[PDB]
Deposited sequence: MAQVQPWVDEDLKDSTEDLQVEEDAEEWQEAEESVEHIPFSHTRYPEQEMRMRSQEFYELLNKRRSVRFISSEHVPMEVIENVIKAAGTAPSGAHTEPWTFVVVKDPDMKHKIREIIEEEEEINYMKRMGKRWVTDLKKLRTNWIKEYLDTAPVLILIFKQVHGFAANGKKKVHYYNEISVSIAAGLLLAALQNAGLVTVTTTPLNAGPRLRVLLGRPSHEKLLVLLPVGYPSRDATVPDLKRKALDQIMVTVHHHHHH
């Protein structure tokens, strides 16, 4: 039931270096809302989901379902509902792949952490997306997509290469001194 645990320990210098570079890698990440229609490899899609599946989960429930949508039609019907639920865009059609993460009713925290791992894994693999969380369209998408009662939509990520013409907003990230407080 409890086995010894096998670690890979790096010399402090390399721990600094590995952590620096990883930071450098992720900081290049930006939500991209202009996504090419260009095929992306299914092996990479699978790999990032495998990555996301390595998340910790409250009580080890591993309560996540990763729904991969590729059918152009399905993607459009998804687009329609989302847009409909206001009620007071294009990437959902142009992206090659939709990944919707449903949680299986702490679960929400696990799943979202899993989404975090998913995001890192795309960045690390040369793909972009724009995280979104249309919880108001959740129900109708549960039904459209055939998901069972016990799944509720959490995150919807359109995945692909950026458009040759893509742009992002000129936004700056908080510096470290603005997000980290040390107790002495």
{"query": "Deposited-sequence ranges lacking C-alpha coordinates, in sequence order", "finding": "1 to 35, 124 to 145, 163 to 175, 255 to 259"}
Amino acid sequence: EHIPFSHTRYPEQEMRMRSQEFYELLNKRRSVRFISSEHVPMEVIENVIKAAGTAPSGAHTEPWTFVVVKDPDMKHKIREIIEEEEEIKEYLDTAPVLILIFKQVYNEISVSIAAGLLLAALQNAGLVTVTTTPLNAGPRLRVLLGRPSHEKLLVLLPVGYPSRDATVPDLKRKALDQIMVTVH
From here on, numbers count along this sequence of modelled residues.
{"property": "Mean temperature factor over C-alpha atoms, higher-scoring stretch between 50 to 58 and 36 to 44", "result": "36 to 44"}
{"property": "Between the two ranges 76 to 84 and 95 to 103, the one averaging a larger CA B factor in the entry", "result": "76 to 84"}
{"property": "Among modelled residues of the same chain, the CA temperature factor third for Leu25", "result": "lowest"}
{"property": "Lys172 - Cα temperature factor, lowest/middle/highest third of chain", "result": "highest"}
{"property": "Chain third (lowest, middle, highest) by recorded CA B-factor, residue given as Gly116", "result": "lowest"}
{"property": "Ranked against its chain, the third holding the CA B-factor of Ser149", "result": "highest"}
{"property": "Where the record places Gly138 (Cα B-factor, split into thirds across the chain)", "result": "highest"}
